[PDB]
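Chains as they are written, first to last, in the working numbering: chain U, 1 to 232; chain H, 233 to 463.
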Ligand SMILES: *C(=O)[C@H](Cc1ccccc1)NC(=O)[C@@H]1Cc2ccc(cc2)OCCCCOc2ccc(cc2)CCC(=O)c2ccc([nH]2)C(=O)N1
Ligand SMILES: *C(=O)[C@H](Cc1ccccc1)NC(=O)[C@@H]1Cc2ccc(cc2)OCCCCOc2ccc(cc2)CCC(=O)c2ccc([nH]2)C(=O)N1
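This is how it looks when you write it as structure tokens:
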């Protein structure tokens with residue numbers, strides 16, 4: 001996991017991504033085709049996304065897209081067998097089990113899950129991706145941005161008592177996650193491999209580039225994920 | 233009023249409400265039976281709802297519903313006799329052809345006094361069968377807790393659209409949505425649930441970081457009680 005066949009070259013004020021360079025970025029779309037959230041493939045049969053996305057098994061996992069306006073793309077529409085919502089908002093994390101495996105390719109593969117003990121220290125420049133607004137407006141083409149992790153102490157300076165230990169803040173650096181980005185990945189380089197550290201959760205009503213966006217802290221949630229995978 | 237027989241346990245990113253626990257909440261359904269708006273029983277003979285819901289006598293008030301995908305519920309489909317519109321405020325009153333039978337699941341919400349103070353920061357509730365996602369509509373009644381905003385904070389989002397006769401709530405991770413219109417924004421004064429807002433408008437995408445806008449029942453209730461006694 002964690003090593004795209006197509007290497008990334010490095011959301012408000014982000015940059016257009018190399019097509020297929022984020023092969024774990026899926027798009028979550030209702031039956032009509034409307035993208036309402038992002039998600040991340042963790043393996044052939046599983047997608048991780050935000051709980052608040054309210055995903056049901058009538059919705060569709062789309063993997064392989066770069067341009068949501070194009071139709072000349074070799075994408076996969078994957079049905080959702082089961083939905084697993086964290087029952088501890090709170091912990092904006094939800095697992096999706098796919099009805100049929102995703103076929104992995106150049107443009108479709110998995111992100112690495114961290115070990116719960118992993119240390120992605122404040123100040124590490126990580127990357128977030130998605131089709132969220134670029135301007136507070138939804139882009140057709142997958143966007144990406146580099147941005148630093150905040151310590152939870154430094155985050156509470158903007159958000160106060162809201163930032164729980166199972167959350168992590170990134171940004172406040174001239175870029176920001178925005179509407180449409182939710183459920184998508186914030187990833188950091190760990191031992192040469194892209195590892196899921198955040199799930200796009202919430203942030204500024206206006207996606208202000210000087211306010212930290214808030215993400216479900218994946219390390220804090222990964223045992224829950226593993227438990228879910230083992231019993232399913 | 234404002235004291236549901238079945239006690240509440242505490243719309244996008246809300247939660248499923250306990251069956252029958254918002255007994256004043258009615259569905260407004262057209263002649264095909266399609267749910268188009270919410271409303272609130274204020275007595276056995278009257279429902280308050282939104283003007284923009286365009287209710288007519290061909291529409292129907294449904295009381296005692298929780299799950300519209302269920303048929304085993306003892307519901308009352310109540311004919312509307314007359315629709316009274318507030319002239320020049322997004323409120324309309326419905327007078328029913330036959331009185332609504334009150335029970336554990338059907339009863340009335342309380343009405344404020346015009347001078348009542350419901351300060352910003354109060355935790356209130358809105359309820360409804362409106363979209364849970366911007367079909368994304370629930371069979372089962374939804375509820376959500378949310379803070380009243382001051383009008384001056386609200387104008388940070390909506391500017392001059394915010395009139396004194398409006399009250400804002402939310403921008404707090406939940407949102408009223410399409411299909412919620414006309415239904416209640418209630419607050420628990422002296423232990424009793426009291427209609428403080430009528431779901432009216434707000435974010436076109438039901439943004440949970442945007443305050444919803446509700447008709448401020450305090451500025452309207454004199455007209456409500458006046459219409460009632462006169463009619
Ligand atoms: C999803 O696409 C979008 C991503 C995003 C990221 C950064 C900036 C802007 C947008 N996210 C949202 O629209 C989220 C959805 C959401 C997330 C978590 C959640 C509910 C809804 O539960 C956790 C709630 C804890 C946070 O609670 C609050 C409540 C109020 C405020 C902040 C946090 C102040 C209002 C505010 O800025 C706000 C409210 C909701 C969101 N921001 C939000 O981003 N919703
Ligand atoms: C009803 O079911 C639905 C519930 C709801 C609540 C909160 C958010 C989203 C949905 N309400 C609506 O769809 C309302 C109906 C409505 C109510 C009053 C009214 C018009 C329409 O007239 C007086 C209110 C002033 C209208 O002001 C605006 C506000 C915003 C905009 C234009 C005009 C920008 C577009 C927008 O967000 C918008 C337009 C209509 C509604 N939102 C809306 O919520 N309709």
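C-beta: ideal position from N, C-alpha, C; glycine also.
State yes or no: is the C-beta of residue i nearer than 6 Å to some heavy atom of ligand 2?
i: residue 311 (chain H); result: no
i: residue 356 (chain H); result: no
i: residue 117 (chain U); result: no
i: residue 438 (chain H); result: yes
i: residue 263 (chain H); result: no
i: residue 444 (chain H); result: yes
i: residue 413 (chain H); result: yes
i: residue 335 (chain H); result: no
i: residue 435 (chain H); result: yes
Kindly indicate which three-state DSSP category residue i falls into: helix, strand or coil?
i: residue 201 (chain H); result: No answer is possible for residue 201 (chain H): the residues shown for chain H start at 233 and end at 463.
i: residue 160 (chain U); result: helix
i: residue 222 (chain U); result: helix
i: residue 155 (chain U); result: helix
i: residue 68 (chain U); result: coil
i: residue 403 (chain H); result: coil
i: residue 229 (chain U); result: helix
i: residue 6 (chain U); result: coil
i: residue 120 (chain U); result: coil
i: residue 294 (chain H); result: strand
i: residue 398 (chain H); result: strand
i: residue 148 (chain U); result: strand
i: residue 310 (chain H); result: strand
i: residue 233 (chain H); result: coil
i: residue 55 (chain U); result: coil
i: residue 129 (chain U); result: strand
i: residue 317 (chain H); result: strand
Which residues of chain U have a Cβ atom closer than 7 Å to the Cβ of residue i, listed in chain order?
i: residue 365 (chain H); result: 36, 54
i: residue 245 (chain H); result: 52, 89
Counting only Cβ pairs nearer than 9 Å, list the residues of chain U close to residue i.
i: residue 402 (chain H); result: By Cβ distance, chain U contributes nothing, its closest Cβ being about 11 Å from residue 402 (chain H), past 9 Å.
i: residue 405 (chain H); result: 52, 89, 202
i: residue 215 (chain H); result: Nothing can be reported for residue 215 (chain H): it is not among the residues displayed for chain H, which extend from 233 to 463.
Run the proximity test for residue i: is its beta-carbon closer than 6 Å to any non-hydrogen atom belonging to ligand 1?
i: residue 201 (chain U); result: yes
i: residue 237 (chain U); result: Here chain U comprises residues numbered 1 to 232, so residue 237 (chain U) is not present and cannot be evaluated.
i: residue 179 (chain U); result: yes
i: residue 52 (chain U); result: yes
i: residue 86 (chain U); result: no
i: residue 92 (chain U); result: yes
i: residue 327 (chain H); result: no
i: residue 130 (chain U); result: no
i: residue 401 (chain H); result: no
i: residue 160 (chain U); result: no
i: residue 463 (chain H); result: no
i: residue 422 (chain H); result: no
i: residue 137 (chain U); result: no
i: residue 441 (chain H); result: yes
i: residue 405 (chain H); result: yes
i: residue 152 (chain U); result: no
i: residue 245 (chain H); result: yes
Measuring from the CB of residue i, is there a heavy atom of ligand 3 at a distance below 6 Å?
i: residue 292 (chain H); result: Absence of ligand 3 from the depicted structure is noted, with ligand 1 and ligand 2 being the only ligands included.
Tell me the start and end of each unbroken beta strand (DSSP E) in the region 244-285 of chain H that is at least 3 residues and wholly inside, in chain order. 257-261, 267-273, 278-281
Contiguous beta strand (DSSP E) assignments of at least 3 residues, all confined to the region 321-345 of chain H: 324-328
Let me know the beta strand (DSSP E) ranges lying completely inside the region 414-444 of chain H, each 3 residues or longer, listed in chain order. 416-421, 424-433
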